[PDB]
Structure formats: C-alpha cells, structure tokens
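Here the structure comes first, spelled out in structure tokens, and everything after it is commentary.
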Amino acid sequence: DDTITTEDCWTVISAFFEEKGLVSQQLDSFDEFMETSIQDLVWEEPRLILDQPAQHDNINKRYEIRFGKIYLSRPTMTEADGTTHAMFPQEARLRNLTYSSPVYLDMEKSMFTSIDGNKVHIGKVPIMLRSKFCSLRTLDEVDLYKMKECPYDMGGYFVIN
Amino acid sequence: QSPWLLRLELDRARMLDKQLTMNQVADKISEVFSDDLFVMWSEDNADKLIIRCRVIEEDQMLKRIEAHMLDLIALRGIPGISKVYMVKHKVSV
Amino acid sequence: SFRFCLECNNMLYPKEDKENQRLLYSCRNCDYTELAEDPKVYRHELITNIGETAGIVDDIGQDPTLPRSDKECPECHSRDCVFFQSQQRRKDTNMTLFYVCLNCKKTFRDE
Amino acid sequence: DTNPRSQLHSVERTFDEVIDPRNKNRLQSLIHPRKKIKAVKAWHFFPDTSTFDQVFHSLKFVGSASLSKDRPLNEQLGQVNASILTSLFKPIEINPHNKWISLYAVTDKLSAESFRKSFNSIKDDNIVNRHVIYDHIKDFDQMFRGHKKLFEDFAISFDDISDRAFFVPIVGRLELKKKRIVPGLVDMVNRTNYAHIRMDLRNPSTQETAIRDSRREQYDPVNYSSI
Amino acid sequence: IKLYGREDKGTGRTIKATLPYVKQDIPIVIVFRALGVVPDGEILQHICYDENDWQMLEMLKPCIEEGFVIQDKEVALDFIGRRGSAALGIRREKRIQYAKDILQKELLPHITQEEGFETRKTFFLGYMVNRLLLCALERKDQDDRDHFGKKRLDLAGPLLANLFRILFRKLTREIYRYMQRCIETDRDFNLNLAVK
Amino acid sequence: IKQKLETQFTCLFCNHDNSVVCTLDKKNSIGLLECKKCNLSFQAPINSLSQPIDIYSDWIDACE
Amino acid sequence: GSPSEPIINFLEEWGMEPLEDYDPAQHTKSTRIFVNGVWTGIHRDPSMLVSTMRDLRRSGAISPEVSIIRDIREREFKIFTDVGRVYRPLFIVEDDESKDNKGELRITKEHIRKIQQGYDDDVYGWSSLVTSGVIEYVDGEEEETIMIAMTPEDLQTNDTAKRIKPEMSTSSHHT
Amino acid sequence: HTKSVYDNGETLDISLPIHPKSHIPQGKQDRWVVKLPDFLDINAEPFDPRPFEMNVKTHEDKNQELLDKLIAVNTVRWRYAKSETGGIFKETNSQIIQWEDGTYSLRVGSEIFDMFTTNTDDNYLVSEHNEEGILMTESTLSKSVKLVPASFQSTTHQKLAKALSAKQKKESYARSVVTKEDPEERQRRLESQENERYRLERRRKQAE
Amino acid sequence: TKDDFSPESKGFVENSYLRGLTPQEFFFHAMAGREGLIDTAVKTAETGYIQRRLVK
Ligand SMILES: [Zn+2]
Ligand SMILES: [Zn+2]
Ligand SMILES: [Zn+2]
C-alpha cells in the first residue's frame, strides 16, 4: 500500500462532518424521544382500574381503560375563525406562535362484571427544528429559500411563543 | 494466673533508632500495671527482640488489654509533640 | 486462618478446658468440638507487607499499556519482560519494580 | 433459501453426509476448521427410548449441603459409593410455607452393591425380591425452578460398544441447602418422616407397562404402538 | 453500605447496611441471612474470594459476632419488618410479608424484580462488601468522583421523557378523579372529556 | 441499667393512645411495658440489639 | 442507547456461565462479567471473549457505540449500552501478531480514494469506514485500557525552529 | 455428638415398578449435562419429510424467518433408515467428534460446535415418581458442558450475527397521521352538549 | 505507558512559545491555566468578606 498523509486525515474528518454535521446529537436524541420514548412512557402504566362491589344481588363490577398506540402529526396552526393549515417555523417566529404538533392516544374502555374507543388528543409537543418530525426536513434548497429559511441554519432548537 | 500468653515482637531497627532500652519498657509496663501482669523480656543479643506477658473466658479480656497497651503506653517524651526537627538559625550577634 | 464447623458450617471459636488444660475449637451453635493443632490464637501486624506482591494475575502480559523491558529472567533467561510498581497504594509504599516474564510469568525483583 | 423444497433438500443433504464412526479414513479426513486437528474417535447421537416415559430432574446441593464438605456424613456413607448412587429422596410438604426433603441411603456396603448390580443389569423379565432397608440421614430445604422449553437441558450418556450417545430430557433443576430444625418443632418433625424405609423389587404390572408404552408412543410409534 | 468504627476506636468495626423504607441501619450478616443464606461460612464465601487473606476475615469477624444473635431466616425477615417504617401494630406474618416485599423489590431493582431470584442479589451484596473492604484495607484508592467516564449527559430526549412522565402521571390522576366523580352520576362518559 | 421511655403505642385493653411506657433493663435482659391507665405489665426477654419496637411486637404477638 | 438482550445472547453463546453455577472456591481465576453494571456471569477464557466481542462490534454486528472494557488487574469484563456516554472516534492499528500488517494502520489509500469517489468499487461515507473496522468509537472508560499514538508518524521509530517530540524511551518497544 | 432425631423405627412396605433399560453405562455412571443454545434445537420426533415440507412458515419479518431457518437446518433430528437387507435401523444426523487434545465437539451436518467442560461436585440425576411422590436417583452429573461455535466463518455464527444486528435496527412505534381539523373541537362540542343536558336535567329536577 | 515518571509524562513543557507546544504539553498547560482561573475566582469572595469584617 501507500502511507497515509495528513491530507488523508482531513479527508476522513470531512467525511465525518458530511455525514454527521455539528448538531447531530440534539436531533438524534429528539428523534429517539418522539419515535419510542412517548410510547414507552404511555405503556409504563397502561391500565387504569376502577372497581365497585355494588350491593343495592352482589355484582362485582370492574371498570378499566387501556392505552394503545400513539399517533403524531406535522405541526398545525388553528386560527380564530376555525380554519387550520400547516405551520412553518418562520410564521411561528413572526406571529409569536409555538411550533408544536398534536399527540393522539388510543383509549380502549371495557366493562367487566362478575356476580359472586378512538384517538383522544392528549396534548401538543413542541417540535425541534430540522428533526425527522419538522416540516423543513424534506424541503430542498429552493423551497427553503421560498420559505424564508436560511440554508446555513442548522436547527436543534424549539420555537416557543 | 491464666494459661493465656501474650508476646509481642518489636522492630529492632526503630527501637535502636529511638535510643530505648528493653528494661525501660519493662519498667513502664510494670509501673502502669503494678503486679496484675507478669512480664518477661528477651535480652539485647536475641535474634528477634520479644517481650512476653501473662495474666495473673478471658481471651477477649487479653485482647482488650493488648489493644489498650498498644494504644496508650508512653515510653518517653512530651505528649502532643508528634515530631521534632533540627533547624539551623542564622543570628547576628 | 480460621476453621469452620464440619456439621453446621459456623465459625469454630477457641475454648480452654479447665480440667484438661487443652485448646479446643468449639462451635457455639452445637456441641461439636475439635482439637486445636497450634496455639496461635491471634496475630496482629502493625506494619504489614501483604498485598504488595499479592496483586498479580496470570494474564498481565496481554495488557498493551504496560511498559516492556529487556531485563534477564532468573528462571528461563528470556529477553522480554513487563514491569510495574507496587500494587499497594499507601503513602509509605516503596517505588521498587516487579518484573513479569512472558514465558514463566513469575514475579521477580532486581536486587 | 426460503423455499420449503430448498430447506427439505438441505435437511436430506445433512442427513446423507453422516460419517461412519468405523470408517477411520473418513474420520481422519475431517479437520477442525480452527484448531486444524484431525479427529480420533466418533459417536452417534441418539435419543433414549426407555427413559422418555420417566421424569428427570437435575438435583444439586448448594453451599454447605455438599457431601464432600460434610466429612462425618461422607465417612458414615463411605469415602463412587453405591449408597450415594442408590439413595432415595422423599419430598414431604406439611403446608405451602414449610417444606423439606428426606434423604435415605443404605449403610451396608454389600446390600447397596447388590442392589446397584441388580438395578443396573435389568435386561430380562426376572427380578429378585431384594428387600432393601433404607436409613434416614439428613434433611434439606428445597427450591425448584422450571424450564419453559422441554429440552432446555439434556444429560449425555455414552456407549462405547455401539459407538452411540444417549441423551435424556431434563424437566427442572432442584437446589438443596442445609436446614437447621427449630427445637420447638421437633415434636411435629418426629411424626413426619420415618427411621427406616423398606424397598421391595417386583415386576411391573401389565397395566402400568401399557401406560408407559402409551406414553412412549409419542416418541417411537413403530415398535410400541398398541394393536 | 456504611463501615462504622474509626481506626483503634469504637471497639469493633461493624458493617451496617442502609436499606430503603427502613428507619435504622442493619448489619450485613442479618440482611444476608434474610435473603436466605444462613451459615456464616457461606456468607464469607459470598463476600471473600480468596481464603488466605486473613485481614479481610479479621475485619468481617466483628460483623459475624454481632450477627450471631440471629440464626434463622424468618427471625431475620421479622427484624427487617419491625423497622420498615410501616404503620405501627402490624402482625408478625404481615411484617414478614412486608419485609419480603421490600427485599424482593426496591433492593437493587436493576438486577431483577421476580421472586426466587435472590442468588444474584446475594452475590452482588458480596461484591459490594468486597469492594468496601478492598478500599478500607488501603489496597485500592477511593473512586475518582471527577472521572469523566463515570458521568452521563442528558440531551433533549431524556429531559423531555422525564417531563412527559410527570405530566402524563398528572393527566392520568385527573382522568381517575373525573371517572370517580362521574360514576356517581352513572353515565356512559364519552372519555373525550376526562382527558385534559 | 433500666431505661424508661415514653411511647406512642396503643393499649389493647383500655384503647387509650399515647399511654404506653417501655422499660427495658439490659443488665438482666428484660423489657417491661406498662399502661399508664390500665396498670397492666408485660414482660418479655430482650437481646443486645433490642429496641422498644421489638418489645412492642412481642406484646402484639402475645396478645394474639 | 442500545438494548442489552443481544449482548447477553452473544455472551451466553460464547461460553459464559451464569451465577447460579458459580463457586468462588472453584473459580479462583475466572473473570466476572458485568453488563450495564449488572453482574450476570463468569468466564474462564476472557481473551477469546473480548476478541470476539470487539470483532463483532467492528463488523457492525454489535452497535458501534457499545463499550467493551476488560480490566485485567481486577479480573473484570464490563459492557455498557447505557445512554449518555460521550465518545470519540480513533483509527485502529492492526495489533494481531500473526498478521503481516502488525503495527500499521488499517486504513489505506484505497479507503481514502473510495471516500473521495463516494461509492465502493463493487454510498461510501463515514459509516462505511466505521463498519469496515478501520475506525471505532471509544468512551472515557474504555480509554483507560488502550494505547494511542498521537500521529501516524509515531507508528514507526537539531533545528532551532521546529518543536521537539517526546522520546518515550522508558519502554524498549511500543505496541 | 448430635444424637439421631428419628428412632421410632416405623417402616413403609412400598414396592416400586422398574422397567428394563435399552442401554447400560459401562465402567462409570457418569453423564454430562449440556445447556441448549438458542441456535440449536432438539427434535426427538422421527423426521417426516412431507409434514416438515407442509409446515414451513413464512413471515414478513426477515429476522424471525432467518432465525427459524437457521434453527430448523441446525435442529438435531433422527429418522428410520431402511437397510439394504430389509431391516429397519435408526439413523441420525448428529455426531460427536473427539480431537487429539481430548476435547469433544458436537457435529450436526457440516456445522461443528465445541464443548467446554466444567467439573461439578455433588450434582446427580434423579428420576421423579409423582404417583408415589418420591425421587429415585439415576447417575452422577460430573461435568457441565457448554456449546460454543467453532469459528467466525461458520455459517451459524454469521446468521446469528446478522439476525441480532438487524433485529435491533428496526425500531418505529409511533405512527404518523394527518390532522384535518382543530384537535380541541371534540372537547368543546362535548362540553357544550354536556352543559345543555345539565341545564335540561336541572330544569327537569326542579320540575319533578 | 503505565508507571511513567519522566518529565514529559508528568507535565514538563520543554518547548518555548515561539517553538510551539505539542498536544500533551498543550493539555497540561491548559490544566494549569484552569487552576489559575479557578483560584482567582474562588479566593475573591473570601478576601472580600475578610475586608468587610476588618472595616466593620
Ligand atoms: Zn457447629
Ligand atoms: Zn521467564
Ligand atoms: Zn390500657
């Protein structure tokens, strides 16, 4: 073979920065969170239980609800007149909005008795910019310019108010 | 007296460095303990410097006596003065 | 070293017979009693050197972070060896070196 | 190779490439991939037919319950001893909270040797009435762990004359620790176990033999199916 | 696992172990017996791994002497159960069950959570006591608190996960309270009103 | 040396609370529980590691 | 963060024996095996095990951010898949004695040319280098067991303006 | 002198039925306990090619299918082989290989797995008799045997490494969805309906 | 390597600022500078408190 010069080391470092970037840890952690952590936290305590040994003919009734799947969407903006539309970070910056997306949870109800259920909105989670769940992840260089976003911006932050 | 025996091996080098005599240590033990303990000591020429003792269930009592002896037997010196150094002082006279 | 009971696995405390004048190891959880071989009931070391060379393993020659010398082995006269200082880490510990051969793997000094 | 035909062909290929243990030349042809060392001897790997009906458990002593450690017990039972190899275990449970195991053995060496020789030579239909008396030795506390899969553990026994190796299933593992009997319960302890147990050797009944053959029919139906 | 007693002071150098939901420290021999290994020899087998080291055996001797008073598993569990900070007046069997619960769970939870799996807990206890003795006998330096390979960094993921766990538990408690209030009226709630 | 301590235990005969006093003597290895209202006395052996909770639990076991 | 179940499966496959089958008197020379701080078993040939684990991690079978630490002095073998460990990449020097390339970098000019092109000669980026075994990640805890050359010129053995490099003469040879 | 606790002398006249054994160990009643690895399975049932072909299961998950394929091709099996003389003989696909160093290896087909033997004391094999509630010992388990793959280049090790590497790569629990309206619309409309029926119920109760 | 007591292994910088430091010397020098900054920013409060008590 041939020896490895310092320029080869800088080529390897350039490959590293081409693949990872400078804010990869933030985006990777947030993507891991949104992808698995919310579902695992919901499934940590998946069963609420209420019992009532009614005697008023003894009927032991158990009421229990199960938590199912987590559904996420792209961030949306709801106006005073009632309409909705897709939100982008520049609009959130200009109008002092929060860049966040709704979270839906499947709740299943069962009515246990012994003688002896769809998507519910549970809240809005702020979205980290340029992550897998951000609207700017897909946009190419030209639409990024049309959206008034700087191509040198790297993301890794949230827009609250 | 009791069948239990208590002998302790003392380092020859540091005992000679401190300039101490075995008889002095024997008299110190005799004074602090009166006749409650019979004491014998090997002479100077012995290969290993030893000093035995005999009391006059007492294994734990002998252990406590040995711990007390190791702790608070003062051979010589001023209590509280842990170490002493020699210093040279330049004085104008 | 202290022995254990052969029937209920507890510690064998020493005991002295008044009538027989003998040292016996007896378990306090039963009536078992075995005759003691030596009169060394207890030994306390004020200044000790154990653990200085006791920290030795048989795979220490595979460590790449250890320095390598060319000192002569006393047993097989090899030309490669690995040295290190004392494993004891008190303030009074000496700075002497322990050498380990790469064939017989014994610990030897330079004095 | 997701094709079922491909999997079947691979199975028959593996079946056909078995090296005959008597074929010394083919055995020497085989070479270790890493060690690069030639083969010396070979043995066939086969299951056992006569033992699948029975239930086998791996029994181990934990800690001080070791027979070698208990020197007076080992001296009394003999310094492999046939008494150890012919010992009896009797699990008795007064309640779910309190449980122990009773151990029995043959103190006499001649009786234990005769019983072991008779037991290890059962290949005919004539069994002598060996009224062997077993004496209680010691009791231990027990815990049990079950295997989720059937053949989680298997013990291998060898047979040099046939060049085979017979393996038996293991259902569970039993661990024993030394138990110190409470002095306030010795009155109830004396009413549980027995000082002696007599074992009588008799030919198995026809109905029990048929039941065991029916149990073995799951493994081997060619030679044991009822007609 | 504290090591009480100063050098040449305080008589014996006993080793007491702090346990969760237990008001006062506990000697290592008693909890070792409570886990289910009574003989002292096997306790030393678990703790030490080389019989010729007489110094660690000497340092464990006061613990053996102190724990000699307890000699059975059940009395050891009961002794655990008296100090377990629970309501006063609990019966002996219920105290033993409470000790079994507080011993199976919340004692080294990262090892295991199921029953009859306490052998690994005993081995880990022996390992901890061995490390404590190795540091106490000046055989090893105390651990470097500022070592960076012993530190961890929490990014957006773990922080948001902890926050979401707290908020989701609050939301679940609100759902529970609303359900309890609504069952009084006995109505087929839409379940889209309980969630806030 | 006898040690007298005021305890917040409940007597099972008079039902009055905060009227239980534990008296333990380590020299003779004994422990006495006395009710300030019922005047009943309970005796149980104690060990070197004994605490008032030990004697209280012993009294509970004796009562049932 | 990575799951520890494949790690336990690999360890049990390669001869690790559980704690219930462990006797400290019998095993006076075995190595304790920890996984995420949990003592899970023992082993008597730690060298083959650590070699196999490291080769598997370098091939991509185990995640590259998994820590493989062998403490020879304390007879311990620790593995970490926890979240929050800070790591950095390093070149790998061929340390196999039986190989001809001993004492030399695994990365060659072919790798550099492939990186410059962007594809393999039957995308080739940083991850391709990491899973080819020429680069690997190490955290602060694993750094205590490795020996690092500062520059590739250091792998092979009087101007008043040029800086002076350490001699490192205390050892006769360096691996 | 620990006196014997049991001295009643009561004796049970229990007789156990015993069956002849197909084989008898020679020279030593020793057996080796072997832990079953994940890549190896035991099929005591005789090999039946047609049901085996008809019961092959295909799954969308490539890792599970690959694991099933590996364990199936590596499963220890046996079948009846028709001899050329007209008799029937038991034929197996598994063998035991002993090298010159004295070590043993389990061979199935072309795959070879090494054996690591650890000596174990006070370990025996017993037979359970549930109908009588007693345990009858069988032999001694002197050595514990672990099965280890021979080399990296073995196909079993490569398939296991591939399956375990690609098993942890697939991780996606949350499922995306498209919101068309305000997520709080359901809450406010149901609150309005509940307030309306509260007013109606209050009016009815005042009118009742 | 382990157990190295040579000057370069324990923080002796043999180069000048004009010549340029090696990475090991750079890191050791940064450690010493960090010590200086911490010492100043920590002793300032104690000195201020002593001065206030003296004045009062
Ligand atoms: Zn005893
Ligand atoms: Zn040598
Ligand atoms: Zn009262």
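Going by the structure tokens order, chains are called A, B, ..., each with residues numbered from 1, while ligands are numbered from 1 in the order shown.
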Within 8 Å of chain C: residues of chain G, using only C-alpha atoms, as an NGL selection string: :G and (72-73 or 145-147 or 170-175)
Can you write out the residues you just picked, keeping N, CA, C and O atoms, as a PDB file, in the first residue's frame?
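Output file again.pdb follows:
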```pdb
ATOM      1  N   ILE G  72      -7.910  -6.206  33.305  1.00  0.00           N
ATOM      2  CA  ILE G  72      -7.088  -7.381  33.570  1.00  0.00           C
ATOM      3  C   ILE G  72      -6.674  -7.431  35.037  1.00  0.00           C
ATOM      4  O   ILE G  72      -6.622  -8.510  35.645  1.00  0.00           O
ATOM      5  N   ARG G  73      -6.375  -6.271  35.627  1.00  0.00           N
ATOM      6  CA  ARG G  73      -5.882  -6.213  37.002  1.00  0.00           C
ATOM      7  C   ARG G  73      -6.934  -6.684  38.002  1.00  0.00           C
ATOM      8  O   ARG G  73      -6.618  -7.425  38.940  1.00  0.00           O
ATOM      9  N   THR G 145      -7.808   1.495  28.850  1.00  0.00           N
ATOM     10  CA  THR G 145      -7.248   0.194  28.518  1.00  0.00           C
ATOM     11  C   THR G 145      -6.601   0.159  27.140  1.00  0.00           C
ATOM     12  O   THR G 145      -6.233  -0.925  26.673  1.00  0.00           O
ATOM     13  N   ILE G 146      -6.446   1.300  26.476  1.00  0.00           N
ATOM     14  CA  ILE G 146      -5.897   1.330  25.130  1.00  0.00           C
ATOM     15  C   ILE G 146      -4.634   2.182  25.116  1.00  0.00           C
ATOM     16  O   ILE G 146      -4.361   2.956  26.036  1.00  0.00           O
ATOM     17  N   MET G 147      -3.860   2.019  24.049  1.00  0.00           N
ATOM     18  CA  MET G 147      -2.595   2.716  23.860  1.00  0.00           C
ATOM     19  C   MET G 147      -2.661   3.464  22.538  1.00  0.00           C
ATOM     20  O   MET G 147      -2.772   2.841  21.479  1.00  0.00           O
ATOM     21  N   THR G 170      11.224   4.999  28.002  1.00  0.00           N
ATOM     22  CA  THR G 170      11.048   4.149  29.182  1.00  0.00           C
ATOM     23  C   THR G 170      10.740   2.705  28.807  1.00  0.00           C
ATOM     24  O   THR G 170      11.070   1.784  29.561  1.00  0.00           O
ATOM     25  N   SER G 171      10.109   2.488  27.657  1.00  0.00           N
ATOM     26  CA  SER G 171       9.791   1.157  27.160  1.00  0.00           C
ATOM     27  C   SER G 171      10.687   0.835  25.972  1.00  0.00           C
ATOM     28  O   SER G 171      10.959   1.702  25.136  1.00  0.00           O
ATOM     29  N   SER G 172      11.158  -0.413  25.911  1.00  0.00           N
ATOM     30  CA  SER G 172      12.006  -0.833  24.800  1.00  0.00           C
ATOM     31  C   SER G 172      11.235  -0.887  23.488  1.00  0.00           C
ATOM     32  O   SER G 172      11.796  -0.591  22.427  1.00  0.00           O
ATOM     33  N   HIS G 173       9.958  -1.253  23.538  1.00  0.00           N
ATOM     34  CA  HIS G 173       9.125  -1.330  22.348  1.00  0.00           C
ATOM     35  C   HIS G 173       7.711  -0.906  22.722  1.00  0.00           C
ATOM     36  O   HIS G 173       7.306  -0.982  23.883  1.00  0.00           O
ATOM     37  N   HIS G 174       6.961  -0.453  21.719  1.00  0.00           N
ATOM     38  CA  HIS G 174       5.596   0.008  21.923  1.00  0.00           C
ATOM     39  C   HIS G 174       4.676  -0.673  20.924  1.00  0.00           C
ATOM     40  O   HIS G 174       4.986  -0.738  19.731  1.00  0.00           O
ATOM     41  N   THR G 175       3.549  -1.175  21.418  1.00  0.00           N
ATOM     42  CA  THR G 175       2.526  -1.814  20.600  1.00  0.00           C
ATOM     43  C   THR G 175       1.267  -0.967  20.713  1.00  0.00           C
ATOM     44  O   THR G 175       0.443  -1.174  21.608  1.00  0.00           O
TER      45      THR G 175
END
```
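Of the residues in chain C, those given strand (DSSP E or B) by DSSP on the backbone are residues 4, 11, 13, 14, 15, 16, 23, 24, 25, 26, 33, 34, 35, 68, 69, 81, 82, 83, 84, 98, 99, 100, 101, 107 and 108 of chain C.
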Please identify all protein, DNA and RNA residues within 6 Å of ligand 3, counting only C-alpha atoms and all ligand atoms, and report them as number ranges by chain. F: 11, 13-14, 35, 37-38
Next, write the just-selected residues to a file, as an mmCIF file, in the first residue's frame, keeping N, CA, C and O atoms as the atom set.
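Wrote it out as part14.cif, contents follow:
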```
data_model
loop_
_atom_site.group_PDB
_atom_site.id
_atom_site.type_symbol
_atom_site.label_atom_id
_atom_site.label_comp_id
_atom_site.auth_asym_id
_atom_site.auth_seq_id
_atom_site.Cartn_x
_atom_site.Cartn_y
_atom_site.Cartn_z
ATOM 1 N N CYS F 11 -52.819 0.828 73.827
ATOM 2 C CA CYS F 11 -53.181 -0.304 74.667
ATOM 3 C C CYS F 11 -54.395 -1.023 74.092
ATOM 4 O O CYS F 11 -55.352 -0.397 73.633
ATOM 5 N N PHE F 13 -56.395 -3.064 75.803
ATOM 6 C CA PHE F 13 -57.424 -3.275 76.816
ATOM 7 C C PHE F 13 -58.214 -2.016 77.140
ATOM 8 O O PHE F 13 -59.434 -2.080 77.291
ATOM 9 N N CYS F 14 -57.543 -0.870 77.248
ATOM 10 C CA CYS F 14 -58.203 0.388 77.570
ATOM 11 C C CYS F 14 -58.490 1.253 76.350
ATOM 12 O O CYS F 14 -59.285 2.190 76.456
ATOM 13 N N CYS F 35 -48.976 0.154 81.076
ATOM 14 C CA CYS F 35 -50.031 1.048 80.617
ATOM 15 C C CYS F 35 -50.316 2.068 81.715
ATOM 16 O O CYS F 35 -50.598 1.687 82.857
ATOM 17 N N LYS F 37 -52.803 3.883 82.196
ATOM 18 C CA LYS F 37 -54.188 3.840 82.641
ATOM 19 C C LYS F 37 -54.618 2.455 83.101
ATOM 20 O O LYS F 37 -55.243 2.318 84.157
ATOM 21 N N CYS F 38 -54.301 1.413 82.329
ATOM 22 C CA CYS F 38 -54.709 0.058 82.675
ATOM 23 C C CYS F 38 -53.871 -0.560 83.785
ATOM 24 O O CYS F 38 -54.320 -1.532 84.403
#
```
Counting only C-alpha atoms and all ligand atoms, which residues in chain E sit no more than 12 Å from ligand 1? For each one, give the nearest pair of atoms and the distance in Å, sorted by chain then residue number, as CSV.
```
residue,atom,partner,partner_atom_place_in_ligand_line,distance
E:39,CA,ligand 1,1 (Zn),9.7
E:40,CA,ligand 1,1 (Zn),10.5
E:41,CA,ligand 1,1 (Zn),10.9
E:71,CA,ligand 1,1 (Zn),12.0
```
Please write the residues from the selection above to a file, keeping N, CA and C atoms, as a compact mmCIF listing (two decimals), in the first residue's frame.
```
# COMPACT_ATOMS: atom_id res chain seq x y z
N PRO E 39 -25.72 -20.10 57.01
CA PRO E 39 -24.37 -20.41 57.52
C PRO E 39 -23.38 -19.27 57.35
N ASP E 40 -22.58 -19.02 58.38
CA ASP E 40 -21.61 -17.93 58.30
C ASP E 40 -20.51 -18.21 57.28
N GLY E 41 -20.13 -19.48 57.14
CA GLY E 41 -19.11 -19.85 56.16
C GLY E 41 -19.49 -19.49 54.74
N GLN E 71 -30.07 -16.33 63.93
CA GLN E 71 -29.60 -17.59 63.36
C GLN E 71 -30.60 -18.24 62.42
```
Would you kindly return, as a count of residues only, each protein, DNA or RNA residue with an atom no farther than 12 Å from any atom of residue 56 (chain E), considering only C-alpha atoms and excluding same-chain residues fewer than 6 positions away? 22
Contacts of chain C with ligand 2 up to 6 Å, shortest pair per row, only C-alpha atoms and all ligand atoms, as CSV:
```
residue,atom,partner,partner_atom_place_in_ligand_line,distance
C:73,CA,ligand 2,1 (Zn),4.8
C:75,CA,ligand 2,1 (Zn),5.2
C:76,CA,ligand 2,1 (Zn),4.5
C:77,CA,ligand 2,1 (Zn),5.9
C:78,CA,ligand 2,1 (Zn),5.5
C:101,CA,ligand 2,1 (Zn),4.4
C:103,CA,ligand 2,1 (Zn),5.0
C:104,CA,ligand 2,1 (Zn),4.3
```
Would you pick out the contacts of residue 31 (chain A) at 8 Å or less, using only C-alpha atoms, so that residues sharing its chain but fewer than 5 positions from it are not included, and give the list as a PyMOL selection string? (chain A and resi 131-133) or (chain E and resi 157)
